[PDB]
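Chain lettering (A, B, C, D and E) follows the sequence in which the chains are written, and residue indices restart at 1 in each chain.
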Amino acid sequence: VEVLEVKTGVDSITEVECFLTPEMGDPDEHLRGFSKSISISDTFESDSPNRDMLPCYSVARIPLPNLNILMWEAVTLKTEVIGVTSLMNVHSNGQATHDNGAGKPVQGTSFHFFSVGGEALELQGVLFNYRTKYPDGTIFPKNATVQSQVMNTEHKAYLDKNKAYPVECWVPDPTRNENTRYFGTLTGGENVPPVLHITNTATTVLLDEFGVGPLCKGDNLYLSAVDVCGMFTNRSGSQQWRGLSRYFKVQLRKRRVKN
Amino acid sequence: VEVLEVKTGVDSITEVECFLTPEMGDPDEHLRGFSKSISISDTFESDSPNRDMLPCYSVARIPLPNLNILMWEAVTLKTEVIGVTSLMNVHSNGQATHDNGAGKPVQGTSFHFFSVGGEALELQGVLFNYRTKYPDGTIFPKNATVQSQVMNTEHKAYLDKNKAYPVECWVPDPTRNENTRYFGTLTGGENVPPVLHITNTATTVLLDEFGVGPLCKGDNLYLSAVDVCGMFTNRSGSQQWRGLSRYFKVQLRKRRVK
Amino acid sequence: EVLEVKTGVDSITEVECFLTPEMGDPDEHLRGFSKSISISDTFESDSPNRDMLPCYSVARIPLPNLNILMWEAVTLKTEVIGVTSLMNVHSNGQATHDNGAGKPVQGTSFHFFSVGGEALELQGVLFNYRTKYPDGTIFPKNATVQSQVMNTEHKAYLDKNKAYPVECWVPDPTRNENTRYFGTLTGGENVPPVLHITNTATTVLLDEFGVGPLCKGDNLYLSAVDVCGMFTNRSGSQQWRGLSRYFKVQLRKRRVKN
Amino acid sequence: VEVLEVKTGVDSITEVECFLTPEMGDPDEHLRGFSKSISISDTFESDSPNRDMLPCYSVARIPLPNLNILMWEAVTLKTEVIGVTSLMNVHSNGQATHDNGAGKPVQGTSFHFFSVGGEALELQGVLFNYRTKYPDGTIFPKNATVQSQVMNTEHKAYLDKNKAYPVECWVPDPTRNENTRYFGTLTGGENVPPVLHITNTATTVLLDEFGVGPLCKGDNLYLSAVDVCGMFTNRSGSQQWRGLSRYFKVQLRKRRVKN
Amino acid sequence: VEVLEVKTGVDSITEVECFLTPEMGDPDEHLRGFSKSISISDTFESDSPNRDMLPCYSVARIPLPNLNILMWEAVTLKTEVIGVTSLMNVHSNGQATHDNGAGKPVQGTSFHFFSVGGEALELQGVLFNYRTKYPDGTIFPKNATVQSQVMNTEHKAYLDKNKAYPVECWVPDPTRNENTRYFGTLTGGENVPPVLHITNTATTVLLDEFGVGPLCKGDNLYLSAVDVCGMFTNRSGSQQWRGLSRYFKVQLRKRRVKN
């Protein structure tokens, strides 16, 4: 693809605003945005997590105004976590900090990740434990070998399905994603406190070093997200992953391209 | 509504200064700035927080001088939390950290938020637990379903009343607030320590990509805030939200529109 | 009305001094420490003795007398003197654990410094409006429940050393036009002290309009607090430990009218 | 060596992309990416860590296109740790935080290190304890004295062999490496939480203050790495180092050189 | 002294590169770089720390090429801590984290400090406890009074001797050191994790606001360092300061000067 002039004019600019909801497991009809209580396998060879216990990658494919050599180019992203203040509900079935204290807030291992792309995010598989049996209804590395625990190039996938790609198996494939801009932070640890900033005054630019943003094949924008905030501890002491939705505002413009 | 020239002169500039006091619960007439002690429901279904245990958003609507095409445009903000040294009272009915020790100071989950707009801050409701019964005298997401636990578009509101909107079920609506600038931080975890900076040498510019600040409809500036500093632990080991007031200094200039 | 800067001979001056911390000094051997912290059982019975209360430090520095012409503070260099003293973990310290070293000074800290052409101006805010502050100290008077968020009666001048309890007072952001102040409260019980020393860093004291503090009556006001944290003795009791602050201030001569 | 002009033209540039797997010990045929569980010595004299217990430096020598006097010059690096989300597997033979809680995630002492050079990374030896007996199959400071605990200049080597230079015995030698760019953080502490950022938008510049990058002797790129993420605690409470692979992408341009 | 022009020419440039070893106490002939295990006085009046238990400032007077009006002027500094990876030896007489665990790594109170100067570092004395009996063969504030615990102007010295000036009594005197540049962080707390960055791509400029670096009186350069990394806990539970060597590379140039 030869990228050429940006079209000028008011019809040359569009905008995509949406919410991408989390996919944490949802173990009952009252617990959307939570996973199942975590159960620990006794051995590696018996690691067998259920689907309702495994957070997955969120993805939304957004149709843009049809164009046809012109493609929509993603220029600017605005994004934030929606419902940060909900993590102050410290009075609903929380294990106490101590005797007569308030609930433990959501804390621990967090993954905050977001991508904007002209095609599906491209994933590479890395397994904590290759012998883990992943559940029916999820898409995960197949023919896992020991070498899957560090790097196995057989484990390529597209983020082509919502509620399907377990977070713990897949990362953005850094050998691809030319047409995607991705951003991710894992903050590990049992007690790591969530630090969530919100503002409507921060724009991130999506143009590569040559002034070129993601170009939207078949007039589709791809928004992908993960926002595992940490773990909710109930009074029994068992722990659930808790997630929040992510806001996306992408500005786009029309680029001419050849071949 | 198109934005044109900024009126110049010495009669074209105005300044708004004020304090927004925190609204933490005030469970008795000696505990202004504190909440009622947290009680934890045994289940989600039975979660029923009383008003005096629910911190709420602070809001002040300030009349500006009248202009009748001319609107007040907000340009610069100075803000800080007032009384940060108050958190050094570790000698007043606080649980000792160990045998013979000084008092645990205010710590744990904090929310520091401020916003300046030309209209009321626009809110999206999101709930930790959708079956939570919120109390009489508070304004909260109505018709909550399990989708409210992640994203429910029904839950829209304007921060149009003080001591009314509980911090825990409302957040600035990113899909709106085009005529407001907002900034907040949630610092979670039960041990996390307060980090409070203060200076009269720091200025936030309020203008957008296009050099335009909030334009004050009806000649009213709207200041909104939340300064939940953490929890204070009394010798019983029960915990109360403690908040502080926030200072605002806003500089406004005249703008012609339409 | 601020006019031209004078240039040439005797046009420049420097002020270099140290300000000692003011922590309580509870016996002739413990300068720079508070008394051990006693906790009151109730808010009602909170009665901290002067030797348990850290206070604001201040120095009125007299400048070369001028006769329309006044001194203008332009840059600051500052640091905490004797940071390495906090490596003494062998002098009557509660052991971390069995056979271990003494617990270092840690927990709640307040690092503040200001340079002004008049007394730093203070706002009173109280953790607990019922606290009885001791004779010999200057504290918010006629305290009410509203004093726990913002009571405009509590106004004062940092005009005396060892008198203004840190926990009652903050810089008043509605005034202090003729001062630059900077402060950090790092609260928490385990919070580690982080202290940077260098002779390579310079703060600029000029405002947005290129004007620094102007020294009324030819007097520079330096103000400071450096409560580093608490020292735990082998008994478990905790004292505030403070350290001295170094100020270097470059001033120039500014003509002024009316 | 006199560094002259850069050749231009579409064939004057090349790109190196690869993965560097962690060398953590691999104690059995199922635990690639893990160390052997740590065994403490009663005394400094008895300190005798086995090879399967000692994380080593990763190194890849990468042959570039032959030139016959031109040398390849490394200009830009893109790197990230691959599989950061694998550390969310807190349900596989993990010691519980507390009664009913999730597995403890990987946490504790981490070393994150990467270097790009036109020759093997140059190593200085420093020993926590000079009387440690290092194992057959590893290459370590020889003729240790007590001064090896602070600085002994006998302890020089080239990172010229994978799975062999123990990470705790060697460090980049700052008196050499004129022809290498190295970056490393040690975050020690027993409870220290991992912090892993991913993005395809960040580029390191490899040029020195004179606009010259590493020049590749015999047309070879040297990529060195260590990504000890922390330790994994099984249900017995014994602890293994857990390592992850590192992605490199280096842009190189042809430089003319004399002698 | 009037400062005039920089000299130019290949021979107006010189470079000083060297290691500063730590002076932690060296309690026995196997523990270079450790202190003696810490003992706590029952009272202030009885504080009497032994020399093998007190870390001291490190210093090196480096002779420069003899110039006979001309002085060498220090312009740039590269510095790093050497053997940061040595803090991953958690298998050598360390107190376990918990039952079956790896050893506690080095952690707790750290002081990292370095200075480059045209004369000896000037020290101000500050004592935690003015009644402390400092030991024979160390240089300490003398005729100490209670005022010595905050600020006593009597306590002035030159860091003119190695393994002599105990760290806890002395800090750079900020009323002096015009001809030195100093940099120091105290990170206190008992459990504080070491964060140690290494790279050969960072340079510090030693030039003040007027473009003048340290001027080396009598053709001498003064390099001072402290790098107490934290505390080592042996299986006893007793604790020793552990330090590491610091690397210095200083670029100097000739400067004319009058009187």
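One rule holds for everything that comes next: a contact is a pair of C-beta atoms (placed from the backbone, for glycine too) under 8 Å apart; a residue touches a chain by one contact, two chains touch by 3 or more.
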Centroid distance [mean C-alpha coordinates] between chain E and chain A, Å: 46
CA centroid of chain A to CA centroid of chain B, Å: 29
Multi-chain contact sites of chain A, meaning residues that touch two or more partners: 191-192
Chain-level touch network, classified as line, ring, star, complete or other: ring
Complete ring sequence of chains beginning with chain B, oriented so that chain C follows: B, C, E, D, A
Sites on chain A touched by chain D in the complex: 37-44, 47, 49, 53, 55, 108-109, 111, 113, 124, 126-132, 146-147, 149-151, 153, 167-172, 174-175, 177, 180-192, 209, 226, 228, 231, 233, 236-239
List of chain D residues in touch with chain A within their complex: 17, 19, 21-22, 29-34, 78, 80, 82-94, 96-107, 191-201, 203, 229-230, 235, 243-245, 247, 249
